[PDB]
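Enquirer: These protein sequence lines are chains C and D, in that order. In terms of the deposited numbering, the first sequence is residues 622 to 833, 846 to 912. In terms of the deposited numbering, the second sequence is residues 476 to 833, 846 to 912. Don't be surprised by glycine CBs; every beta carbon is placed ideally from N, CA and C.
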Amino acid sequence: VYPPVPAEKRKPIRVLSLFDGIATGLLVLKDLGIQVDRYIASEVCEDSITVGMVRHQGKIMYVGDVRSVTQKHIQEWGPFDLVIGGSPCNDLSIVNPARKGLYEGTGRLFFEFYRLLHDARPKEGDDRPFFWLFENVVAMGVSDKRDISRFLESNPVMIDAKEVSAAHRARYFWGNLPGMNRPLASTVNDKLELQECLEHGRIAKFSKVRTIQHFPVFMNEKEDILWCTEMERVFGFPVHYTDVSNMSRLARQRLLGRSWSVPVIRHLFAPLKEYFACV
Amino acid sequence: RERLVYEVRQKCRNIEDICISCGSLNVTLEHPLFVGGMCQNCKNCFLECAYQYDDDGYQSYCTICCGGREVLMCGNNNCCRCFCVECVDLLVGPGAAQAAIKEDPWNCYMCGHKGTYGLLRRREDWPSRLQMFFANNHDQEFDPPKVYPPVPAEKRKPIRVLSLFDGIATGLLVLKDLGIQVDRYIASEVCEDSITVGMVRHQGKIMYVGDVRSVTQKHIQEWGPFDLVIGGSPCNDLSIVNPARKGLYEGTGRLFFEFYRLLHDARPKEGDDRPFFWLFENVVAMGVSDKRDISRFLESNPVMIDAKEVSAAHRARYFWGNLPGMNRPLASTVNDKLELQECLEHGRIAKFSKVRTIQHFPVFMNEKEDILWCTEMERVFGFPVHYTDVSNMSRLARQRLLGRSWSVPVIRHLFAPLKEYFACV
Ligand SMILES: Nc1ncnc2c1ncn2[C@@H]1O[C@H](CSCC[C@H](N)C(=O)O)[C@@H](O)[C@H]1O
Ligand SMILES: Nc1ncnc2c1ncn2[C@@H]1O[C@H](CSCC[C@H](N)C(=O)O)[C@@H](O)[C@H]1O
Ligand SMILES: [Zn+2]
Ligand SMILES: [Zn+2]
Ligand SMILES: [Zn+2]
């Protein structure tokens, strides 16, 4: 536990964000009104790059693959105040029909986070505030979870988004952010019922959508999928967030599906306001 | 015309006494863009052909004669004109076309910086003459539309609209933007995506009908008196942009009459002097006898309105109707974006200032050639941001859906004096 820095002394936060996806982290930091000095992001999927580019207005400095980031890169891109990331979950999740393996691909990429975390960490005796967050799914192996806990040298917190959002999104969060254990509060802006997240003219038999009776909606006495803008509303994203480039619906749903739940991430990132500068 | 222009350059015949399109001696008009006379058959050809563009975004035929077998496309940015080899042999000289092919950065004669050549010289008020040229269509003489006296403000009531070929509910959207109270908005449409767009964006208010051909006069009577009937025939088959142009009169022409029928069904009787208004829309790249038959049946003179005046698209459209002030000039408000660049997303730069939609991919982003994004196509046509992102549809379909639609500030311009006849929010 690092002691709080006085308000006049606070500075803009610097974030290294691995497996950034659609820039949920920076978006949440903006929503909290924290000044962001810089936001370095590694990602490989072009659609997600584009989403971040447009929605965050060129501010994000885009890097390539995480495996091309050296310790020299970490040093020359300035000291980092917050390192965040979530390993690929599509291969760990049981939803993908082609489950060739779980430890392959995703597990290797985990260590990449691990490496860069140590690269971004201040030395002992440098008592400057430094924070990190790793995210993963709950449907994972026990020895896998143990090895992750061993390497990050911490105990996981399971947080389920149902407490604050209209999705069943149970996720592990390792990290040293203050108040990562405390209970989740749902603000009035958050929508605990699926029906509030639907478009007008639609009615939901479901109150929650399970995403980690396939088609959740009865509209005009017919069974339909949630629309992309509603999937955004379920996860807490701003309205029409992923409509940037010309991409197919299947891809755009997939893109939204991988992402972090916005009010959960707001809940986690909120006490960082006590350590950095405000807008 | 080779021997006749031989006598023209020998100072024995005036170029203004000869039809520079086909060499006819039956000179009635002057050519609107360049020096010479113009015969009536060439006027009909010019009406059909001038604003016809190929799939490359350049003109389908020569700009001069509206024919030509092999054409010269123009190098200058945003210019889409073509000049066939035959025309250049008279006006610039023999072999000038074959020599002009070899000039790799070439500018066409509407874009030439000098503006003055030997036999061909560009006439100075050509945009004014282009605007006058449609007023020059007095062959289809018709009586002026009946002007209805303004209803006092306290007496005004909410407008009722019958909207055929509604598409994505551009009309109701514009009426909302003008702040006119809408009692009801009956709409016929058949494409499910467009139905959905209207449903969501206009919040269940729209009462959806099926095919226009299932709407009877009894239907028209029992759905209450209508104050405004609007519509635009399918333009995809009339447009030269669709590769599969099987016909022009088939499909689209038949559906035109549907509008015609329901218009008469919705019209008040003589002696019923209640205000009533109607609008029909169509493309400029259409047949002359087609345009005549349309003018004959709607018993009116078309107004051509080009969206370039108020928006970032070349969208030249005919508007028949009796709305007051349909002839008056178009004003572009500060909210409207006359440059393509203002309509782009951040991080993108447009070499183009206008997009021609009636160098295929209009955008240089990160030193690469890309299509406009769907939300930008919405911004080009004046639609609200993220207007067509309702259901889960493909990009090709969603672009197509946007492409057919009416230009929003043009429709705002047309619908604006209806505020003097109906109730406000
Ligand atoms: N080698 C690699 N380097 C960086 N990102 C990668 C990668 N391989 C896969 N990814 C990306 O890692 C992401 C994992 S899920 C990302 C969730 C993210 N927090 C969000 O809010 O969207 C995927 O988007 C995938 O595109
Ligand atoms: N039989 C029919 N009845 C009603 N609409 C039809 C039809 N056949 C085709 N259409 C529709 O007519 C439209 C012509 S273009 C529509 C433009 C409209 N003003 C807009 O703003 O979108 C197309 O959307 C097409 O889907
Ligand atoms: Zn002629
Ligand atoms: Zn020609
Ligand atoms: Zn030119």
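Rounded to a whole number of angstroms, what is the C-alpha to C-alpha distance between D/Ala760 and D/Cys520?
Expert: To locate residue 760 of chain D, count along the second sequence from 1; it is residue 285. To locate residue 520 of chain D, count along the second sequence from 1; it is residue 45. Taking the straight line joining both Cα atoms gives about 11 Å.
Enquirer: At a cut-off of 7 Å, is D/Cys524 close to ligand 3 when judged by its beta-carbon and the heavy atoms of the ligand?
Expert: The residue given as residue 524 of chain D occupies position 49 in the second sequence. No, ligand 3 has no heavy atom inside 7 Å of this Cβ.
Enquirer: With 16 as the cutoff for other CB atoms within 10 Å, does D/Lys829 come out buried or exposed?
Expert: Position 354 of the second sequence holds residue 829 of chain D. So D/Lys829 counts as buried.
Enquirer: Hey, does D/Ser878 have any beta-carbon neighbour from chain C nearer than 8 Å?
Expert: Locating residue 878 of chain D in the second sequence gives position 391, where the first residue counts as 1. At least one chain C Cβ lies under 8 Å of D/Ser878.
Enquirer: Comparing the C-beta of D/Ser881 with each C-beta of chain C, is any distance below 8 Å?
Expert: Numbered from its first residue, the second sequence carries residue 881 of chain D at position 394. Closer than 8 Å to some Cβ of chain C, the Cβ of D/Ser881 qualifies, so yes.
Enquirer: Going by DSSP, what residue range makes up the alpha helix (DSSP H) through C/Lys766?
Expert: Taking the first sequence and counting its residues from 1, the one referred to as residue 766 of chain C is at position 145. Its alpha helix (DSSP H) spans residues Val763 to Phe772.
Enquirer: Buried or exposed: where does D/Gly679 fall if 16 or more other Cβ atoms within 10 Å of its Cβ makes it buried?
Expert: Mapped onto the second sequence, residue 679 of chain D falls at position 204. D/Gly679 should be labelled exposed.
Enquirer: With a threshold of 8 Å, are at least 3 pairs of Cβ atoms found where one atom belongs to the region 878-888 of chain D and the other to the region 591-604 of chain D?
Expert: The answer is no - the region 591-604 of chain D does not touch the region 878-888 of chain D, with fewer than three Cβ pairs under 8 Å.
Enquirer: Which stretch, first to last residue, makes up the alpha helix (DSSP H) that contains D/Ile898?
Expert: Residue 898 of chain D sits at position 411 when you count from the first residue of the second sequence. Element bounds for D/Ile898: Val895 to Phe902.
Enquirer: Just the chain D side, please: which residues come within less than 9 Å of C/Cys861 by C-beta, in chain order?
Expert: Your numbering for residue 861 of chain C matches position 228 in the first sequence. Near C/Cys861 (Cβ distances below 9 Å), the residues of chain D are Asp876, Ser878 and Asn879.
Enquirer: Quick one: does C/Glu820 have its CB under 8 Å from some CB of chain D?
Expert: By one-based count along the first sequence, residue 820 of chain C stands at place 199. Yes, contact with chain D.
Enquirer: How is C/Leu648 classed by DSSP in three states: helix, strand or coil?
Expert: In the first sequence, the residue the question calls residue 648 of chain C occupies position 27. It is helical.
Enquirer: Identify which residue in C/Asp857, C/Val809 and C/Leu754 has its Cα closest to the Cα of C/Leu905.
Expert: Here residue 905 of chain C refers to the residue found at position 272 of the first sequence. Nearest C-alpha to C/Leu905: C/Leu754.
Enquirer: So D/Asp564 is in the alpha helix (DSSP H); what residue range does that whole segment cover?
Expert: As a working note, residue 564 of chain D is residue 89 in the second sequence. Where D/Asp564 is concerned, the enclosing alpha helix (DSSP H) stretches over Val560 to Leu566.
Enquirer: Along the chain, where does the beta strand (DSSP E) containing D/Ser807 start, and where does it finish?
Expert: As a position in the second sequence, residue 807 of chain D is number 332, starting the count at 1. Run containing D/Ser807: none; DSSP gives neither H nor E here.
Enquirer: Tell me where the beta strand (DSSP E) around D/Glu856 begins and ends.
Expert: In the second sequence, residue 856 of chain D corresponds to position 369, counting from 1. In the DSSP assignment, D/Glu856 falls within the beta strand (DSSP E) that extends over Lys855 to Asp857.
Enquirer: Anything with a beta carbon under 5 Å from a heavy atom of ligand 5 counts; list them all in chain order.
Expert: D/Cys549, D/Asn551, D/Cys554, D/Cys583 and D/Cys586
Enquirer: Under the three-state reduction of DSSP, which class applies to D/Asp668: helix, strand or coil?
Expert: Position 193 of the second sequence, counted from the first residue, corresponds to residue 668 of chain D. Reduced to three states, the DSSP call for D/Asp668 is helix.
Enquirer: Against chain D, which members of the region 664-685 of chain C pass a CB distance test of less than 7 Å?
Expert: Considering only beta carbons, the part of the region 664-685 of chain C lying closer than 7 Å to chain D consists of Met674, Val675, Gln678 and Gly679, in chain order.
Enquirer: Under a three-way DSSP split, which group does C/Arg659 fall into?
Expert: Working through the first sequence from its first residue, we reach residue 659 of chain C at position 38. Residue state, collapsed to three classes: strand.
Enquirer: For C/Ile858 and chain D, any beta-carbon pair shorter than 8 Å?
Expert: For this step, residue 858 of chain C is matched to residue 225 along the first sequence. So, interface residue.
Enquirer: Under 8 Å between C-beta atoms, does D/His873 make it to chain C?
Expert: Translated into positions along the second sequence, residue 873 of chain D becomes position 386. Yes, its Cβ sits closer than 8 Å to a Cβ of chain C.
Enquirer: If we ignore side chains and look at the alpha-carbon of each, how far apart do D/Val626 and C/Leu819 end up?
Expert: Translated into the one-based positions of the second sequence, residue 626 of chain D becomes position 151. Translated into the one-based positions of the first sequence, residue 819 of chain C becomes position 198. For D/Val626 and C/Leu819, the distance between alpha carbons rounds to 42 Å.
Enquirer: Reducing DSSP to helix, strand and coil, say where D/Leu905 ends up.
Expert: Counted from its first residue, the second sequence places residue 905 of chain D at position 418. Three-state DSSP puts D/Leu905 in a helix.
Enquirer: To the nearest angstrom, report how far apart D/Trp860 and D/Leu815 are at their CA atoms.
Expert: In the second sequence, counting from the first residue as 1, residue 860 of chain D sits at position 373. In the second sequence, counting from the first residue as 1, residue 815 of chain D sits at position 340. Looking at the two C-alpha atoms, the distance is approximately 13 Å.
Enquirer: Could you tell me the distance, in whole angstroms, from the CA atom of C/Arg790 to the CA atom of C/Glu667?
Expert: Here residue 790 of chain C corresponds to residue number 169 of the first sequence, with the count starting at 1. Here residue 667 of chain C corresponds to residue number 46 of the first sequence, with the count starting at 1. Rounded to whole angstroms, C/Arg790 to C/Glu667 spans 25 Å at the Cα level.
Enquirer: Tell me the DSSP secondary structure of D/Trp601 in three-state form.
Expert: Looking up residue 601 of chain D in the second sequence gives position 126. Correct three-state label for D/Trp601: helix.
Enquirer: Evaluate contact between the region 694-704 of chain D and the region 668-678 of chain D, counting only Cβ atoms and requiring at least three cross-stretch pairs below 8 Å.
Expert: no
Enquirer: Looking at ligand 3, does it come within less than 7 Å of D/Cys541, judged from the CB to the closest heavy atom?
Expert: To locate residue 541 of chain D, count along the second sequence from 1; it is residue 66. It does not: the Cβ of D/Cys541 is nowhere closer than 7 Å to a heavy atom of ligand 3.
Enquirer: By how many angstroms is the C-alpha of D/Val872 removed from the C-alpha of D/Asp579?
Expert: Here residue 579 of chain D corresponds to residue number 104 of the second sequence, with the count starting at 1. Here residue 872 of chain D corresponds to residue number 385 of the second sequence, with the count starting at 1. Roughly 41 Å separates the two Cα atoms.
Enquirer: Give every residue of the same chain whose Cβ lies closer than 6 Å to the Cβ of D/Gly796, excluding the five residues on either side of it in the sequence, and list them in chain order.
Expert: Within the second sequence, the letter at position 321 stands for residue 796 of chain D. Here the set comprises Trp753 and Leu754.
Enquirer: Run through DSSP, which three-state label would C/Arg635 get?
Expert: Mapped onto the first sequence, residue 635 of chain C falls at position 14. Three-state DSSP puts C/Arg635 in a strand.
Enquirer: Considering just the uninterrupted stretch of the alpha helix (DSSP H) at residue 843 of chain D, what are its terminal residues?
Expert: The residue list of chain D ends a segment at 833 and starts the next at 846, so residue 843 of chain D has no coordinates to report.
Enquirer: If distances are taken between C-alpha atoms only, which option among C/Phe909, C/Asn757 and C/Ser714 comes closest to C/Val778?
Expert: Along the first sequence, read from residue 1 onward, the residue named residue 778 of chain C stands at position 157. Considering only alpha carbons, the answer is C/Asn757.
Enquirer: List the residues that DSSP assigns as beta-bridge partners of D/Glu814.
Expert: To locate residue 814 of chain D, count along the second sequence from 1; it is residue 339. Per DSSP, none; premise fails for D/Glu814.
Enquirer: So who's on the other strand from D/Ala788, going by DSSP bridges?
Expert: Stepping through the second sequence from its first residue, residue 788 of chain D is reached at position 313. Partner(s): D/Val830.
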